[PDB]
Each structure stands twice: as structure tokens, then as C-alpha cells.
Ligand SMILES: *C/C=C(C)/C=C/C=C(C)/C=C/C1=C(C)CCCC1(C)C
Ligand SMILES: *C/C=C(C)/C=C/C=C(C)/C=C/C1=C(C)CCCC1(C)C
Ligand SMILES: *C/C=C(C)/C=C/C=C(C)/C=C/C1=C(C)CCCC1(C)C
Ligand SMILES: *C/C=C(C)/C=C/C=C(C)/C=C/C1=C(C)CCCC1(C)C
Ligand SMILES: *C/C=C(C)/C=C/C=C(C)/C=C/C1=C(C)CCCC1(C)C
Ligand SMILES: CCCCCCCCO[C@@H]1O[C@H](CO)[C@@H](O)[C@H](O)[C@H]1O
Ligand SMILES: CCCCCCCCO[C@@H]1O[C@H](CO)[C@@H](O)[C@H](O)[C@H]1O
Ligand SMILES: CCCCCCCCO[C@@H]1O[C@H](CO)[C@@H](O)[C@H](O)[C@H]1O
Ligand SMILES: CCCCCCCCO[C@@H]1O[C@H](CO)[C@@H](O)[C@H](O)[C@H]1O
Ligand SMILES: CCCCCCCCO[C@@H]1O[C@H](CO)[C@@H](O)[C@H](O)[C@H]1O
Ligand code: NA
Ligand code: NA
Ligand code: NA
Ligand code: NA
Ligand code: NA
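Residue numbers (the deposited numbering), protein chains in the order written: chain C, 3 to 271; chain D, 3 to 273; chain E, 3 to 271; chain A, 3 to 271; chain B, 3 to 271.
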């Protein structure tokens, strides 16, 4: 079957199909994804007034991120269920093209909107020392956009053209390392002038940031992390990828937002 | 028909099918489930300001639990209606695979999110004495996650492999007993220093907790509680399970949340 | 056709079918039903602060009842439109089993949730004199549940077994009369100690309560109220039942809630 | 094809069909309808505290009207798109009975709910002089209900029985003229005692009321306003009717609500 | 086949079809569109109280624009997914007429509602000097309506009749130039008497306004901007148009709204 520039989920769906566990787990984990975002939305709105006026923009940005993210993750979950249909005869779920092909692009577009705001929002809680607010913001916004856009292009080729896949991924990675570099600077400068309690939370924010953000490129590469015809080029790789994306998105948005809010409270007088 | 690692609802649906009463009641009770969660959401938001600032995080946690739970229970209800279709010829509802197989996993994922928050939220109303807040929290969160994850794995095998079903269920039970142990400690320490009215509510919270949480393993086992080819391995067992899950979820979240809110009011200087 | 323990709507749908007027009116009236509930939700939230803090729980309870009532009535409306499909050849709507059979149980489960809260909520506005608060509450909650549960069982048999239908209905009625008895007591005791304006509203609340609550058993019996092969065992009876249920639910929840709120305002100082 | 007591939209759909422009425009205008209602809902909620406490019930009533209006108008829009399907062979949209017949009754039921509230709400902004509040309210509510109910019955016969159509329409019109009479009285009495700025707005409210409310009977009659086999008994008449209903509903609810809010501000210390 | 007066998306869909990238990207970008509107809605509501009472109407107008716009863009995204279905044999998405033809009219009707409010809302933040408030408002509202209505008519003919397409587009352009002229006047008069900070933001508002609003006519013409049988008369032109519309709508509403809110803050005592 000709699928063209399609995600590997479709190729697994079109050949081996998905077992009950593989199909149901992916449906469940993706549903958890958007459910957590809407739960987070309520949390962030309800806790806005827990911090001083000057910190509240960060709480507002956390809630705004939850909107977008809930709608895009909900669309991603519907895309998974509509793309794969039970075959009575073999008792597995196969590609149902009439529901459209499955594409991870809904999730990517959530990143496009939300990355700029997640990077931006910490600048409302911490004070920089050396760096100018507008400079850091502009670096975050440019590199954030380019990281997501180049990755979005790459992932269309993850089966149809491994070279394009890896080149676009590599370019994306460059922008990723730039963001990590700037965010480390922001964390360090944020630490000077604030209580030891505040410094501890910023340490935790950095570890959360580093682990959660590194998951994404892992999920990008997931199908190929065990090489050609590896364990992970399979329904097991599909499950692994969608779990990791869901953990990443929950961690990078909700937990991140909670930690920033807790920092804002400690700095609040 | 090969169904593989599927819930027993599908096997009943695929052989005997469901009577009008069995099918409609399950649809109704599952719908009640998500409707109560959204009603609860409004209640908890609207009553935030009925308690002192320091208690209000518990009300917020109750509302956050209602969100997740409404979406997952709504998805669980849609899964039931889509999976079973009326046959004109025999006048019963049979497995319609085109709607996907029915799986209770939507409900389980609601547990994964919400158990950590339900255990956590009492620590914002009561004061511990001897135990450290961070220690109790960490015990709740680790054991809560492991309980739900191991159960989630088990329930895929509830027909296809009785051994896996019962071993994963047993491991889940171990973590369950750990949580009961810690929650008893938390209740006892919570009772010290507070009015007799407050102590009465905490007693009631503990009974509600113990009964409501014990329903879950009952619902897990439901199809087999009358042995091989028993009364409950049937549409009657399907009805029983989905009723018990719905009662449990309403009790463990909404009533629990209401009792905690009533405790918060008694401990409030406004009262 | 084999329909088993199914509501009489399906039997009419399966034999005579529904005319355009019968089908459209039922769809419209059921839609009005859930629309009024969501309108009520907004009204009750927006008017919370029109009464003293000590009355506001009644306003909150009215809003909570609307949320469950809107969701269940909306589901009941979809059940109607999905269950009956236009036949081009005869120009009438017939049972389409693929949409599931039509059952009034969605409405009944709204009663199960909401009856306990409607009875309870008046105890936050009025003061009892002779009766104990916990006793009245317990009587309301026990009898409310038993009334709706026994009715819910009965209505499955409204065609398949007239005897079961009428026995379960009779048991339901007993619990109904108990509730009427207690509510009369509560109204009377509520009247003592309060302004004549407040007493007048409580008089009106009692008339509304008595008429609105009596409609339900009428709607239960509707198909048979003109005997065997009567005018009402027909699309006209289907229309009559769904109108009466909709009027009852609007009256017993929304108008009831408005009157209680107006009482709360008069008692507000 | 026998359609029975069905709206003329179905007869056009079943014979000539609808062009792309006719079908898409109707879908768009009906969508605009419910979108404006939800936009209005937010406006009215957000502006509640712009007026004195004693005027705020009018703002609340405007918001409550929007909730019913959005749900019913949304249902009316879905009824349109579901009822008419593209035919590849002729490139026109034809009646698809599987989606149900199209009926304007969803809109009518929005009137049933909302007319009583729109008439009522002005009595919270203006003071009567000679007329009794309870008398005006009761006249509005009785005549409002009878106007909508009689029209609702009439419109089922707009093709199948022109006599019934026009008699029910005529009866509806009588109640309409009664409402116009009472509302004129209410406007005049409202003008006494208030600033010239307030009087100007009440003049505008009367013109808006008179034009917007007169559109409805025009839309009722639309298909026949060019006589037998006229220009308007056609997809052009369908477009014209649905445009006029949408303009009327937006004017009579949203603009009306805005003008009343502006009056409330004028009368506010 | 016969598509009649239909958008060029359908003609591409009906002949060449859409590749996975072309179809998925359009679905993603249109989804991003409505997601950003709902994220914006939350931002504007949550920041209302950041400005003086007298500026807050502008913040409220930004939120009201977000409602309409979210619903219309959401409908536009659904229209795209239901209109184009995967063909297993060739592995491309082709016109599925059963989902209705695709039409950009949902977006146009969002313009009809929202243009009048976007133009109006700046008059609540700036003070005019020479020009009269009522005159500017009336010019905006008349020309805004005529611009959108004439464009809406034109776009039906964008394949079926190039002459009608370009004449209606030209008339639309005339009203566009009128609006640009008046808005420049409003910006200039707004700048007189206010802080340098205020003047800077108004300069930025003008550049954003000019670029964002100019994108629309570009998107209108997109399929023909590379002439007969050009690169852009293709799935690439479909992608280009829907990207530009989405960027325009986000820029002209959300960014515009943020800048106006920031202006309101600087002018706030
Ligand atoms: C809430 C969403 C967030 C924080 C998203 C983060 C996304 C990334 C850090 C993505 C990184 C990627 C690479 C470094 C290479 C491959 C492509 C990406 C976009 C997945
Ligand atoms: C809000 C939902 C709650 C409180 C969920 C509670 C879930 C349990 C206590 C589950 C217990 C289980 C066992 C002890 C064994 C079998 C598997 C489980 C997960 C059902
Ligand atoms: C908002 C919902 C309310 C107040 C529901 C009330 C329901 C009843 C009073 C039902 C009464 C019934 C009987 C007395 C006999 C037949 C069965 C019932 C449940 C319809
Ligand atoms: C918000 C909705 C409003 C204000 C609805 C108004 C409806 C009317 C004034 C209807 C009038 C009619 C007649 C006078 C004759 C024909 C039937 C009606 C109902 C369309
Ligand atoms: C949020 C929506 C906005 C600001 C919409 C703006 C729309 C335009 C400026 C449209 C302009 C057009 C022309 C000048 C010619 C072709 C037709 C139009 C309507 C696209
Ligand atoms: C950084 C990780 C780089 C991964 C190296 C690319 C491995 C390419 O392996 C690919 O695996 C597929 C499934 O097994 C095969 O179908 C492809 O033919 C093969 O190219
Ligand atoms: C601790 C709970 C008791 C578990 C007892 C497991 C014995 C169940 O036995 C099972 O019953 C099913 C239904 O009748 C049959 O289909 C299976 O063949 C049979 O293995
Ligand atoms: C208190 C009201 C109870 C009245 C019971 C009357 C018995 C109804 O009689 C039933 O009517 C049906 C249709 O008319 C028939 O099909 C049934 O054969 C018949 O049992
Ligand atoms: C405003 C009152 C106008 C009533 C005039 C009714 C005359 C219309 O007459 C009707 O027109 C239909 C379509 O043209 C025909 O199909 C019908 O046969 C005809 O009865
Ligand atoms: C601003 C641009 C003005 C419009 C340019 C006129 C070009 C019209 O060219 C058109 O291009 C289509 C696709 O190539 C062809 O299918 C049409 O038949 C042709 O009329
Ligand atoms: Na599926
Ligand atoms: Na079903
Ligand atoms: Na139907
Ligand atoms: Na259609
Ligand atoms: Na599609």
C-alpha cells in the first residue's frame, strides 16, 4: 500500500496491525494527555491569586498553554481512534484510511504555540543579572519556532526518506541546544539574589526542563532506536513513542507550571 | 471470534449479547457517572471561599479531580454505547467491533491521575504530628501509581490468562494495603488537636475511604466472584461491575471531597 | 418485532411510525428541555451574591442540579433523534435500531441525582421548628432514592408486563406521598417567624411543588390514561408524555430554584 | 415524494435542489447566528458590574437569553447541513431524509424561552408610572407564549395547508399587536423622570424593537411574498428567510440587550 | 465533474488530489487557527483588570472577538477534514462531496462579525482630536461590512468566473483602502497628547495592522499569483492560502489585541 510521506504508526497499522493492548493503551494514554491539560487549566486559573500581582502573568501563561494543548492533544487522540479499526477475522486493529492517516502534527502545532510561552513565562518570576529581558525573550522565540518547524518538516519523512528525516532532525537539535544554553544562563542568573528555598526550586526546574525536553527527540527517533527491524519498529515502538510524548507534554507544561508557581510563592512578600 | 486480551464485557457481548435492561442500565449508570463529576466540579469551585485560605487548596484539588474524571468517565460511557449494537432479529445488543472493543482502561487512567490528588489533598486539611508531610506524600504517590499501573496490566488478561490476571491483581493489592496503612496513620494524627465534631467527620472519612476503595478490587474480580459459569459471568456481572465502579468513583471522589470540605469548615475560624 | 422490555415510544415507532409533527415536536421539546437547564445554570451562578452568605448554599445547589439535568436531558434528546429515521416511501419516522432503542432512563437518572438536592436545598433557606433537620434530610434522601429506583425498574415493563409496571409504580407512589407529607411539614414550619412576603412565596413554592411533582406519575401512566387502544396509545401519547416530562423538569428545578432564591432575598438583611 | 406537514426548504431541496451559493450561504448565515449569541453571552457577563446593583438583573437576563439562543440556533444550523447532501451528477444539494427533514422549530422554541425574558427585562431598567408591574409582566408572558405557540403550529402547514398556515399566522399576529401596544406604553412611561440621554436610547430601543420584531412575520411569509410561483418560492426565498431570521434574532436579542445596558448606565449614580 | 461556483481547493481535490503533507498541514494549520483563538480568549479575560475601568471595554471587545472567531475557525477546520478523503489506491486525498464542498465562507463570516469590533475597540483606548467619534465609527462599520460582503460574493466565483471574482475583489479593495485611510488618521490623532511609550506602541499597532490586513487580499488572489498553470494553482497554493489566512487572523486579532491592551496599560493612572 502507498502511504507516501506518512508516520510509521500507519505502516505498522497497514501490515502487522495493532493488538488489543497496543491499540487500547495508545487510545488511553493519548486521552490521559488532553484530560491532564484541562485539569491543569483549572489548577492554574484557581491559583492565580496565590502569588503577588507581579508574578501572576506567569500563572496566566500556564493557563493559556493548557487551552492550546488541551485542544491539540484532544485532536491527536481523535486522530488515533479514527485511523485504526478492529478486524473481526484476525482480532487486530488495522489502518482505516477513510478516517485519514495518523500524523503526530497536531502535537507539534501545540509545541509551536506553547514553547514560546513556556520559555517566556520564567522571565516574569526570576530577575536576570547580566542578560537583557528582550534579548533572552527574542532568542527563545526565534529558536523555539525554528526547532518545532524543522522537526515538523522532518517527521513527515520518518519512513519515506531517512536522510531528510535525520538532517531536519539535526537542524532542529542545533536550535534545541541553543535553547538549553540560554535557559541554563536564565536559571543561574535567577538563582542570585533569592532565598535558598527559591534556589532549590530553580535547581529542580532545570532538571525537570532538561529531562522532559530531551524526551521529545527520543520520541522523534523512537522507531529506529533499536536499529533496522529492531524491537521498537513495531506496535511496541508506537506505544513507547506515544507514552513518552504524553509524559514529556505533562512534565514540560503542567509540572513545570506548578514548580514556577511554587517559586513565585516563595518570592511573594 | 478471536478477541485476544479483551475485557469479559466483549465475550458476553459476542456470545449471549445484552438484553434491553442490561444494555440500557449500563449506558445510564455510566452516564450518571460523568454527569455527577461535572456537577461536583461546579460544587467544589463555588464553595472554595467557604473555608479559610489555608484549606482552599483541598477544594481546588477536588475540582481538578472532577475535570479528569469527567472527561475519562464520559469517554468510558461513549466506549460502551459504540461497542454494542441492537440486533433486530433476536432483540439483544451484540459486540459491534467497528466501534472498537470495550475496555475499562479509560476509568483506570482516571485513577492514575486522581488517586495521587485524593490522597494528597487531606494533607491540606489535617495536621500530621509525628510523620513528615513529604514522606506521607511520597508513599501515597509511589504506591498509588504502582497500585493503578499493575491493576491496569492485570485487567487486560481477565479472560485471556487467569494467572496473569490474579498475580498482577495480587501485586496491586499489596500497594493497596500500604496506602490503607498510611491513610489510617494520617487519620489518627489528624484527629489529635481538633474539636470532637472534627474527629467525628475524620472517623466518617475513614469508613467512606475503606468501603469505597474496597469496592474497586470487588469490581476487578466481579465476573469470577460466583466461580466458573457462575451467576456473575453474564450480563448481570457486567451490570454489577459498572454499577460498583460508578458507586466507588462517586463515593471516593465526590462524597470524600464533600466530607473533607465539611472538616475544613469546622477547622475554619469563621465556621 | 422483538423489542422485549422497551418503552412504548419504540412500539409506536416500529408499527405506525411518527408523523413529521410528532417526530419534530418531540425533538424540539426535548431540546428546549436541556437548553432551559443550561440557561438556569447561568442564572443561578450569576445571582448567588444577591442573598446573605448563609442562604448561598441553596443558590449553589440549584446551579449543581442544572449541570446534571442539562447533561442527562441532552443525552435523552440525542437518544430520541438517533432512534427514529425518516422513511422516504411513506413519509414517516420509524424505529432505527442501529441508533439503540429509545429509553426514558436518562431522565430518571437525572431525578436520582437531583431529587435529593432539590428536597435538601430548602433546608438552607427556611428554619424548622418542631422537626429535626437530620430526620427530615434522611426521610427525603431514603424516600427520594426509593421513589426513583422503583419507578426506573417499573418503566422497563410499561409494555412487556403491565402488572410489574403498575406494582413498581404503586410502590414508587407510596414513597412519593411520604415526600409530599414531609415537604408540607417543612413549608408550614418555614412560614413561622418570617415576613408575610416570605410566607406568600412559600405558599407558591408548595403549589408549584405539588403540581410539578404530580405531573411525573401522569407522564409515567400517559400511554394508558385513555385505556386499552385509547387516543394516547399513539404518537399523540408520545408527544404528551415528553411535553409533560419537560414541563415537570423545568418547573420542579428552575422555577422552584427561582422561588427559593426570591424567598432567600426577602429573608436577607 | 410525500413530505407531509414539512417546511418549504424540504420541497425546494427535494425538487430543484440548492446551488453551492444557496446551500453554503444558508450554512454560513445560520453558523454566524449561533456564533454571535455566544459572543453576546461573554459581552453581557463581562459588563454586569458596569451598572448599579438594581439594573444588573437586566444584564443577567440578557446573558441567560444568549445561552438558550446559542444552543437552539446551533441545533438549527446542524439541522440544515444534515438535511441536504451534494449530488455529484448535477452539482446541487438535495434533501437527504436520513439526516431528518429540516424544520425551523428549533428557532421557534428559542423564541418561546426568550420572548418572555426580553419583554420582562426592560421592567428592571425603566420605572412604570400608571401601569402595574405585575399586569404588564403577565400580559407580556401570556401574549408572548400564545404568539410563539400559534406560529409554531402554523409553520408546519406552510406548504401542506395554506389556510391553516394563514389562520394560525393571523391569530399569532393579534397577540403580536397586543405586545407592541403594551411595549409602546412601557417605553413612554419609562421616558418620564429620566435624562434626555436616557429618553434618546429608549426611542432607539422602540425603533429597534419595532423593525426587528416585524422581520419575523416577514420571514414566516417569505416563500409567498411574491405570490404563487414567485421569485421567492425558490432557493432565493430559502436564503432570504434564513438571513432575515438571523438578522431579527441578532437585533432583537443582542443589540436590544446592548441598548438596555447603555440605558442602565445612563440611569446609574 | 460539475462543482459550479466552488472554491479552487475543491477543483485541486477533484483532479490532482492532495498529498499526505498538503492535506495534513492544512488540517494542522486550520486547527492551530481555532486553538490560538481560544487561548487568546482566556488571556484577554484574565488581563481585563490590568487597565483602568475606562479602557476595559477594549479588553472585553478582544475577548468577544475570540469567541466568534474560535467557533467559525473550528467550523472551517471541520469543513476541510470532511471534504477530502484518502484514496487507498493512489495514496492521495480527493474531494468527498458527501462531506459537503469546502468553502472559505466560515472564515469570511468571522470577518463580518469581528472587523467592526476590531476597528471600534481602538476608539476606547485613544482620543481623537479633529475627527468626530460617531463619524469614524460609522465609516469603519459601513466600509468594514461592504469590504467583507463584496469579498464573500467574489470568492464563490474564484474558478467559475474570473471577471466576477476580480470585479467584486476590486470593489472590496476600494472599501479596504478607505479603512486604511481612516485608521491612519485615528493612529495619528491617537499619538497627539500621549506619553512617548504610548506613541511607540501605536506605531507598532499601525505596522501590524497594515501588514496583517494586506495578507487577506494576498490569500484571496493566492491561486492566481503565479498566473495560469502557475506553481500556486496546486496543493501548494492551497497550503499557502490557508497558512496566510491563519497567520492574518492570529495577527489581526490576537497580536492586535495584545498591543492595544499594552497601550491601555501605559495610558492607565
Ligand atoms: C509542551 C511542549 C514542549 C515543551 C515541546 C518541546 C519540543 C522539543 C524540545 C522538540 C525537539 C525536537 C528535536 C530536538 C529534534 C527532533 C524534532 C523535535 C521537534 C521533536
Ligand atoms: C478516584 C478513583 C479511585 C480512588 C480509585 C481507586 C482504585 C483502587 C483502590 C484500585 C484497586 C485495585 C486493586 C487493589 C486490585 C485490582 C486492581 C485495582 C486497581 C482495581
Ligand atoms: C427534577 C426531577 C424531579 C423533581 C423528579 C421527580 C420525580 C417523581 C416525583 C417521580 C414519581 C413517580 C411516581 C410517583 C410513580 C411512577 C414513577 C415515578 C418515578 C415517575
Ligand atoms: C429573540 C426572539 C424573538 C424576539 C422572537 C420574536 C418572534 C415573533 C415576533 C414572531 C411573530 C410571528 C407572527 C406575528 C406571525 C407568524 C408567526 C410568528 C411567530 C413568526
Ligand atoms: C480578524 C479578521 C480580519 C481583520 C479580516 C480582514 C479582512 C480583509 C481586510 C479582507 C480584504 C479583502 C480584500 C481587500 C479584497 C478581497 C476580499 C477580501 C475580503 C479578502
Ligand atoms: C539516530 C538513529 C539513526 C537510525 C538509523 C536508521 C536505521 C534505518 O533502518 C530502517 O529501518 C526500517 C524498519 O526496520 C527499514 O524498513 C528501513 O529499510 C531501514 O532503512
Ligand atoms: C478470587 C476470585 C475467584 C477466581 C476463580 C477463577 C475460576 C474461574 O474460572 C473461569 O470461569 C469462566 C467463566 O465461567 C470460564 O469461562 C473459564 O473457563 C474459567 O477458567
Ligand atoms: C391506572 C391505569 C392502568 C390502565 C391499564 C389499562 C390496560 C391497558 O391495556 C393494554 O393496552 C395496550 C394498548 O392499548 C394493549 O396492546 C394491551 O393488550 C393491553 O394490555
Ligand atoms: C401573504 C399571503 C400570501 C398568500 C398567497 C398564497 C398564494 C400561493 O399559492 C401557492 O403557491 C405555491 C408555490 O408557488 C404553489 O405550489 C401552490 O400550489 C399554491 O397554493
Ligand atoms: C492578480 C492575478 C489576476 C488573475 C490572473 C489570471 C490568470 C487566469 O488563468 C487561469 O489559471 C487557471 C489555473 O492555471 C486555469 O485553469 C484557468 O483556466 C485560467 O483562466
Ligand atoms: Na478505532
Ligand atoms: Na449502541
Ligand atoms: Na432521526
Ligand atoms: Na450537508
Ligand atoms: Na478527511
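Even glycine gets a Cβ: it sits at the ideal position worked out from N, Cα and C.
Check: Integer Cβ distance of residue 75 (chain D) from residue 39 (chain D), believed to fall under 8 angstroms; Outcome: 6 angstroms
Check: Interface flag, residue 60 (chain B) vs chain A, CB-CB below 7 angstroms; Outcome: no
Check: CB contact below 7 angstroms: residue 84 (chain A) versus chain E; Outcome: no
Check: Three-state class that DSSP yields for residue 165 (chain C) in the structure shown; Outcome: helix
Check: Reduced DSSP secondary structure (H/G/I, E/B, other) of residue 97 (chain B); Outcome: strand
Check: Straight-line Cα distance separating residue 24 (chain C) from residue 171 (chain D); Outcome: 20 angstroms
Check: Where residue 115 (chain E) meets chain D, residues with beta-carbon distance less than 8 angstroms; Outcome: 34, 37, 38, 41
Check: For residue 130 (chain E), the nearest candidate out of E:188, E:266, E:250, E:108 (CA to CA); Outcome: E:188
Check: Selection of the segment 61-79 of chain D by Cβ proximity to chain C, strictly under 7 angstroms; Outcome: 62, 65, 66, 69, 70, 73, 74, 77
Check: Endpoints, the beta strand (DSSP E) within which residue 20 (chain C) is located; Outcome: That residue, residue 20 (chain C), is in no beta strand (DSSP E); it is neither H nor E in DSSP.
Check: Cβ pair residue 261 (chain D), residue 213 (chain D) closer than 7 angstroms; Outcome: no
Check: Bounding residues of the beta strand (DSSP E) (the contiguous stretch that carries residue 228 (chain C)); Outcome: No beta strand (DSSP E) holds residue 228 (chain C); DSSP gives it neither H nor E.
Check: Which residues DSSP lists as bridging residue 216 (chain B), in chain order; Outcome: Bridge partners of residue 216 (chain B): none, in fact.
Check: DSSP beta-bridge partners of residue 87 (chain B); Outcome: B:96
Check: Selected residue, minimal CA-CA separation from residue 122 (chain A), among A:66, A:249, A:242, A:6; Outcome: A:66
Check: Chain-ordered neighbours of residue 259 (chain C) on chain D, where CB pairs are closer than 8 angstroms; Outcome: Chain D residues near residue 259 (chain C): none, gap ~13 angstroms exceeds 8 angstroms.
Check: Beta carbon proximity, residue 7 (chain C) to chain B, threshold 7 angstroms; Outcome: yes
Check: Three-pair Cβ contact test at 8 angstroms for the segment 6-13 of chain B versus the segment 237-248 of chain A; Outcome: no
Check: Cβ contact check for the segment 78-85 of chain C and the segment 54-62 of chain C: 3 or more pairs under 8 angstroms; Outcome: no
Check: CB contact below 7 angstroms: residue 249 (chain B) versus chain C; Outcome: no
Check: Segment contact flag, the segment 95-108 of chain D with the segment 86-105 of chain C, C-beta cutoff 8 angstroms, min 3 pairs; Outcome: yes
Check: Contact set between residue 92 (chain D) and chain E, taken where Cβ atoms lie within less than 9 angstroms; Outcome: 4
Check: Burial state of residue 28 (chain C) (16 or more Cβ within 10 Å); Outcome: buried
Check: Option nearest residue 194 (chain E) by Cα separation, candidates E:43, E:269, E:22, E:50; Outcome: E:269
Check: Rounded separation between residue 166 (chain B) and residue 156 (chain B) - CA only; Outcome: 6 angstroms
Check: Contacting positions in the segment 103-114 of chain D - beta carbon closer than 8 angstroms to chain C; Outcome: 103, 105, 107, 108, 110, 111, 112, 114
Check: Sufficient close CB pairs (3 or more, under 8 angstroms) joining the segment 142-152 of chain D to the segment 177-188 of chain D; Outcome: yes
Check: Cβ-based neighbour list, residue 80 (chain B), same chain, cut-off 6 angstroms, excluding 5 preceding and 5 following; Outcome: none
Check: Helix, strand or coil at residue 191 (chain D) [DSSP, three-state]; Outcome: helix
Check: Under the three-state DSSP convention, the category residue 74 (chain B) falls into; Outcome: helix
Check: Segment limits, alpha helix (DSSP H) that includes residue 237 (chain A); Outcome: 237-252
Check: By C-beta, the residues closer than 5 angstroms to any heavy atom of ligand 8, given in chain order; Outcome: E:226, E:230, E:231, E:235
Check: Identity of the residue in E:215, E:118, E:168, E:154 nearest residue 139 (chain E) by Cα; Outcome: E:118
Check: Within-7 angstroms CB hit, residue 158 (chain A) to chain E; Outcome: yes
Check: Residue 22 (chain B) versus residue 32 (chain D) - alpha carbon distance; Outcome: 38 angstroms
Check: Residue 206 (chain C) in three-state terms, based on DSSP; Outcome: helix
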